[PDB]
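Single-structure report; data block below.
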Amino acid sequence: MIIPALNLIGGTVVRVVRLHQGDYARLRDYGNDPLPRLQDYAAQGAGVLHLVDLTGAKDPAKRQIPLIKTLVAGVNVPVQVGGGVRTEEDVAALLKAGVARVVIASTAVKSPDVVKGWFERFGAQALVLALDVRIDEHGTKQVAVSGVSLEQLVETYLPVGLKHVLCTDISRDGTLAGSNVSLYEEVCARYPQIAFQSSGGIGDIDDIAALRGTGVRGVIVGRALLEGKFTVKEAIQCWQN
Ligand SMILES: NC(=O)c1ncn([C@@H]2O[C@H](COP(=O)(O)O)[C@@H](O)[C@H]2O)c1N/C=N\CC(=O)[C@H](O)[C@H](O)COP(=O)(O)O
Ligand code: NA
């Protein structure tokens, strides 16, 4: 499936650029209109929607639960949400607000003992392991936010039933240069029991086509949709052919 993505800061749909320390900088504001954007995405056939709560990421005390509740209610397609999910209570709050899947990167690589417990409480279908991948000079898929590889972390969670992984090539985020096809070809084949979502870099319709047959189950598209490189409708018809 095609998975359209929005970044949210205090109710605003934003463009950000990832910085060194896991930090980032706000580039563009697209508007204060997340719900109509999501409804248009759904109307065009998007089967899943992706939201990153950057406000909650900075400060979990400020998680945008009331907004998320409204956004989930206002469409009839499942929404997955990430952003500074740190505790079992955070996961529960998001599911209670009507989120279909909770997306977790930082806490999952930092505190595997804790997050394993979440798998056992909520079940594997409720949780998406998000991997912020940096390929180093040696070819290692680094995912720390000492080092941790993609493979090491996937293996960490397979025993508690890991099924969904969002694999972001963070150097590709917002570049419009294409997603990392070879990376997805490799990891999808290595873990055929896992449903990988690709993320970062989609630039034009050819880039969607290029991920067909890689094994990727979901293609996250952010910037290209926001800046009208193509519509959700045509992304879907490319992806489904
Ligand atoms: N500074 C950041 O931007 C950022 N930091 C963490 N995440 C993710 O937040 C989640 C939870 O992280 P954590 O549990 O808080 O550590 C993890 O997945 C982290 O990887 C980010 N992603 C934000 N938007 C991503 C987005 O809108 C589309 O994916 C992107 O525009 C698609 O690429 P494209 O435009 O099409 O090139
Ligand atoms: Na689709």
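Numbering (the deposited numbering), first residue to last: 1 to 15, 15A to 15C, 16 to 142, 149 to 244. The beta carbon of each residue, even a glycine, is placed where N, CA and C say it ideally should be.
Residue i and residue j closer than 8 Å at C-beta
{"i": "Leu68", "j": "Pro31", "result": "yes"}
{"i": "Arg83", "j": "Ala123", "result": "no"}
{"i": "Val142", "j": "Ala102", "result": "yes"}
{"i": "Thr171", "j": "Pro109", "result": "no"}
{"i": "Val74", "j": "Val100", "result": "no"}
{"i": "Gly203", "j": "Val15B", "result": "no"}
{"i": "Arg34", "j": "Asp50", "result": "no"}
{"i": "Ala213", "j": "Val184", "result": "yes"}
{"i": "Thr52", "j": "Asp26", "result": "no"}
{"i": "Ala121", "j": "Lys166", "result": "yes"}
{"i": "residue 247", "j": "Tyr187", "result": "Summary: the structure shown does not reach residue 247, with the chain confined to residues 1 through 244, and so no result is reported for it."}
{"i": "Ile2", "j": "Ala43", "result": "yes"}
{"i": "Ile205", "j": "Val222", "result": "yes"}
{"i": "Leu153", "j": "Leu179", "result": "no"}
Selection from the options that minimises the alpha carbon distance to residue i
{"i": "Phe119", "options": "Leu24, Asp176 and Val88", "result": "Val88"}
{"i": "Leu6", "options": "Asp20, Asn29 and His17", "result": "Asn29"}
{"i": "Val168", "options": "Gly79, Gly44, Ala180 and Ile65", "result": "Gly79"}
{"i": "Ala105", "options": "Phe116, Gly95 and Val96", "result": "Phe116"}
{"i": "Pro63", "options": "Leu153, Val130 and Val96", "result": "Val96"}
{"i": "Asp20", "options": "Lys55, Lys66 and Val219", "result": "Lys55"}
{"i": "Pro57", "options": "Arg15, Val111, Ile9 and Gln18", "result": "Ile9"}
{"i": "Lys236", "options": "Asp37, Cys191 and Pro162", "result": "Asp37"}
With 16 other Cβ atoms within 10 Å as the buried cut-off, status of residue i
{"i": "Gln196", "result": "exposed"}
{"i": "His135", "result": "exposed"}
{"i": "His47", "result": "buried"}
{"i": "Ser182", "result": "buried"}
{"i": "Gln200", "result": "buried"}
{"i": "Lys138", "result": "buried"}
{"i": "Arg175", "result": "buried"}
{"i": "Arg23", "result": "exposed"}
Helix, strand or coil at residue i according to DSSP, with G and I counted as helix
{"i": "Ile101", "result": "strand"}
{"i": "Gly136", "result": "coil"}
{"i": "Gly79", "result": "strand"}
{"i": "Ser152", "result": "strand"}
{"i": "residue 148", "result": "Between 142 and 149 the numbering of the chain has a gap, and residue 148 falls inside it, with no coordinates."}
{"i": "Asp207", "result": "coil"}
{"i": "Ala141", "result": "coil"}
For residue i: DSSP bridge partner residues
{"i": "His167", "result": "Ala198"}
{"i": "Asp176", "result": "Answer is none; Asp176 lacks a bridge partner."}
{"i": "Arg15C", "result": "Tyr21"}
{"i": "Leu6", "result": "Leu48"}
{"i": "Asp26", "result": "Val14"}
{"i": "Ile223", "result": "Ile3 and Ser202"}
{"i": "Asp129", "result": "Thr171"}
Residue i beta carbon near ligand 4 (any heavy atom closer than 7 Å)
{"i": "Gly81", "result": "Looking at this structure, you won't find ligand 4 anywhere; what it does contain is ligand 1 and ligand 2."}
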